[PDB]
């Protein structure tokens, strides 16, 4: 039994080809989480790991409407309750986005959240980046392994085996090792991208814009 709500959610999303509709329904309940940081990075925890929630322009306007005396960028150490949310997979540059792995990211799309101002939460372990977890990184590698294997078994055909003579009697034979490089898929670039999941799309606000909207 997974104790980390975030880990269980994000894990099922990946184990279900990024199809949020295929993830258990008994997991799509409101999320009460602690706000570890709010700027420059808004990070929330579930008692074990921290993730970066992505707010829609609607979600914030609603917030600012029901809570005029509350600035989001100042919710650090405070608790919030995400009533309406969704999860989707996105392709990113993990070299720049620390909340991702292997150029893949599972995003927590927040549609509506309520700030339970001044609610003290139970003592927990120090929260760690879910995308740095051993099991979760492995879960993601499994995901890519499957997509890679399917592409390779579709792209590679005809058993083009190196002719045995090339490796036999190679006394007077010299070759370049790049002769062993085989393309994994029909991908356009030098990066594998032949995935079957349909990359989710949803406009989200940059934590910086919400900072200006509350303090130019």
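Rigid core: the largest C-alpha set superposing within 1.5 Å between the two forms. Numbering follows the first chain given and starts at 1.
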Please indicate which stretch deviates more in 8 other deposited structures of this protein: 122 to 130 or 83 to 91, judged by C-alpha RMS distance after a core superposition? 122 to 130
Which of 135 to 143 and 68 to 76 lies farther, on average, from the shown form in 8 other deposited structures of this protein once the rigid core is superposed (C-alpha RMS)? 68 to 76
Per the PDB entry, mean CA B-factor is higher for 60 to 68 or 32 to 40, namely for 60 to 68
Determine, for stretches 118 to 126 and 100 to 108, which one has the higher mean CA B-factor as deposited. 118 to 126
Kindly indicate the residue among 181, 27, 161, 151 with the greatest C-alpha B-factor in the PDB record. 27
Grab the CA temperature factor for residue 89 from the record and place it in the lowest, middle or highest third of its chain. middle
Please rank the C-alpha B-factors of the chain's modelled residues and tell me whether residue 176 sits in the lowest, middle or highest third. lowest
Modelled-residue ranking by C-alpha temperature factor, third containing residue 11: lowest
